[PDB]
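Listed next as structure tokens is one chain, alone, in the form deposited in one PDB entry.
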């Protein structure tokens, strides 16, 4: 026999985020999120390299591919990436133990992703970067100073 209490795996649960560009029914989006091997990683430094992301995320398993987030305009690093694993299990351990730890001295946040599609590697903010950075207020050195607009 088993116990429900021991099944607790809160770090692997879906978050509130939903891709507002996803071409399909929300049901189909969650359906993909639950079998996904891809993770969205946020709050990276603009100077954070792909090599650094490989070293950190490989601790939970073998990485198939990494896609860096780029400013839709200047095509430079804008602070986020997608890490795709070969197996769900390795993607879960990253959600369990890497999410919320440091990378380039910043606390990053990981989230399940429905899957990569061309055009998704670009910030959707008006100024080209990530939406979050459009109306920011603070002075984040590792994120391009002030929040643009």
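Positions refer to the first chain, counted from 1. Only residues modelled in both forms are compared. Rigid core: the largest C-alpha set superposing within 1.5 Å between the two forms.
FYI, the form deposited in another entry isn't displayed, but the following is about it.
- For residue 20, a C-alpha deviation of 2 angstroms or more is recorded between this form and the one not shown after rigid-core alignment.
- Wider separation of the C-alpha atoms of residue 17 and residue 109, by 3 angstroms or more, is seen in the other form than in the present form.
- Compared with the form shown here, the Cα atoms of residue 65 and residue 19 move at least 3 Å farther apart in the other form.
- Comparing the conformations between this form and the one not shown, with the rigid core held fixed, yields only the displaced run 15-26, spanning 3+ consecutive residues whose C-alpha shift is 2 Å or more.
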